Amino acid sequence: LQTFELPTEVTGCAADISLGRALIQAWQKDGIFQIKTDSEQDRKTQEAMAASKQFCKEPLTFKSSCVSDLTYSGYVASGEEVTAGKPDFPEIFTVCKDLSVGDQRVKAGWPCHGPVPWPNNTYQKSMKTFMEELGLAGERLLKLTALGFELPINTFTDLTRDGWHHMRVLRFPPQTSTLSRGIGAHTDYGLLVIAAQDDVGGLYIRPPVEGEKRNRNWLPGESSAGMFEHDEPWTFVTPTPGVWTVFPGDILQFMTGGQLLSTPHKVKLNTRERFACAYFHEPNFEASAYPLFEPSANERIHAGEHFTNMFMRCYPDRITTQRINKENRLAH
């Protein structure tokens, strides 16, 4: 895979435009590239992964208490069945925008808005500072992408102001310990996905395949789930120190008219447990994404509406979903 070092500030100089061209080319050929982490980005990744490992060592009663009826942030034990001798399962802690009940959007009952049920304040601090760095990387990447497409440098800036960025903090069990098979082929609904992983290995991505029609996962009727899972090609994302991976999400596919494709990906379970984090760089919850290259187009996709429906469908029995239904929160 290509690995690039990003500049700290993207200003629009010739080097920035050149880098944007190269990022687009790498996505168009490989579906993914790596970005070099600096010493602080790396340190903060390691501290977040350590906090994740410590949290997963807590008893299940405690982990299961890290839930909220206002936000989807918090813990889920994935799956619905276990057996004797296969008692383990994937675990996710989702971090969405951390808004207290003092925030006006929370007071107004906006769906998905509320405070993260942090397990402790060291996990909180570790995840917040990691997500701050991930957000800055996302902004650099979007400015470079704009420059590479000959668009204004700040094309994405209003769209992502106070963006609804969120992250899944993941633990996958060893294959022999679980009835889970990992995560099947899917795409992520976001502008960009920035991901980190430990040394165990398990992530596979599907590059662009010339002539291969792709479902447009921003449309409810074109779910990408499961598609191509058993068909070649799948690229193994070899664990590599000192990098994050980056691929386009569904929103960038929409905005670019398919010049970038949302990268399908899947996770296979290994012989050891595996830790990873997947960060989703997003528009503002209230913003609508639009075609960048079709100025006459009136079609839009509303980020907040899609986020809410996706979480409601993925976690239909969570207290968060029950409260959305009880209070008819979709009406906001």
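Position 1 is the first residue in the sequence shown; the rest follow in order.
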- Mean CA B-factor: is it higher for 186-194 or for 84-92? 84-92
- Message: When the Cα temperature factors in the entry are averaged, is it 28-36 or 300-308 that ends up higher?
- Response: 300-308
- Note on the structure: Based on the PDB entry, the highest CA temperature factor among the options 145, 180, 238, 121 is that of 180
- Message: Checking the record values for 129, 78, 256, 223, which has the greatest CA B factor?
- Response: 78
- Looking at the entry's B-factor column for C-alpha atoms only, identify whether residue 277 ranks in the lowest, middle or highest third of its chain. middle
- Chain thirds by Cα B factor, record data; residue 317 belongs to the highest
- Item | Third of the chain's Cα B-factor distribution that residue 106 belongs to, per the entry | middle
- Using the B-factors in the PDB entry, rank residue 231's C-alpha atom against the chain and give the third, lowest, middle or highest. middle
- Query: residue 157's Cα B-factor: lowest, middle or highest third of the chain?
  - Reply: middle
